[PDB]
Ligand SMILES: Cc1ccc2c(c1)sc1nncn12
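One chain comes next, on its own, written as C-alpha cells: the form solved without this ligand.
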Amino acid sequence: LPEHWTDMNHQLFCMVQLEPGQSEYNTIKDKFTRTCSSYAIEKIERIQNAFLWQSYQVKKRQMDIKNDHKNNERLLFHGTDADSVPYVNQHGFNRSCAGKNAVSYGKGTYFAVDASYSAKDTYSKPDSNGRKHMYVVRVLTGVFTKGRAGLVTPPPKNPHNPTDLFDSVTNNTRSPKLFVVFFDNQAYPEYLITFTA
C-alpha cells in the first residue's frame, strides 16, 4: 500500500479528508476549477481501499508489460449520484450499473477528461442538500480507438485476431474528451470531491 496513506490500523478501507493548502488538495482543486470555476468545493477525501488498489495495481503492471512502454494511466473524472457513492467507495466502477450516455461509444463505465462534463446534473446529481459528487479516478486507458454504441468489450486491434483487444475506447482519438472501460479493476477511485453551486 502507498507509504503516504494514513495507518488504517488493520482496516481495509478509509476516507481521509484533505487539508486545503496541502499540495495534494491544491492539485485536485486546480484540476477541478480549470473547467468548473462556477462551483465551490465543500471537501476532498482520499479513498484508501486496499483490495481495489491491489487488483488495480495488478491490472496496471499487466498492461505495462503487454503494451510497448505506453503511458497506460490517465487521471479522469466521474460524476455520480449520492446513492452510488457507498458502492463505488467500497467496490469501484461496475459496468453492469452504468447509465446509457447521451452520446454512447459503448456499454461500459464512462470517464471525462474535463471536470465540467462530470459536473452536469445528469452525472453528479445534486442530493437533497444540494451536494454534488465527483470522483477523481486513475484509469487504465492503455491503447484506445474510437468506440461505437454496440460495444460490450473494446474492439479488436485486428479483425483476423478477435481476442487481442484495445484497452479502452474514446469519442475522438485526436481530441479525447471521454474514455469507456469494460472491465472490473481498470479504474481506481482515488478522490471524492463534494461540491455545491
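Definition used throughout: the rigid core is the maximal C-alpha set that superposes within 1.5 Å between two forms. Numbers for residues come from their place in the sequence shown, where the first is 1. Shifts are known only where both forms have a C-alpha.
One more form of this protein, deposited with this ligand bound, exists but is not displayed; see below.
Taking the partner from elsewhere, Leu178 is found to have a heavy atom lying within 4.5 Å of this ligand in the deposited bound form. Taking the partner from elsewhere, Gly79 is found to have a heavy atom lying within 4.5 Å of this ligand in the deposited bound form. Although the partner is absent here, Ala112 is a contact residue: one of its heavy atoms lies within 4.5 angstroms of this ligand in the deposited bound form. The candidate site formed by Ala102, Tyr117 and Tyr123 is fully in contact with this ligand in the deposited bound form, as each residue has a non-hydrogen atom within 4.5 angstroms of it.
Relative to the superposed rigid core, the position of the CA of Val103 differs between this form and the one not shown by 2 Å or more. By 3 Å or more, the C-alpha separation between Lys100 and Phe166 grows in the deposited bound form relative to the form shown here. Relative to this form, the distance between the C-alpha atoms of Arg95 and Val103 is reduced by at least 3 angstroms in the deposited bound form. Comparing the conformations between this form and the one not shown, with the rigid core held fixed, yields only the displaced run 98-103, spanning 3+ consecutive residues whose C-alpha shift is 2 Å or more.
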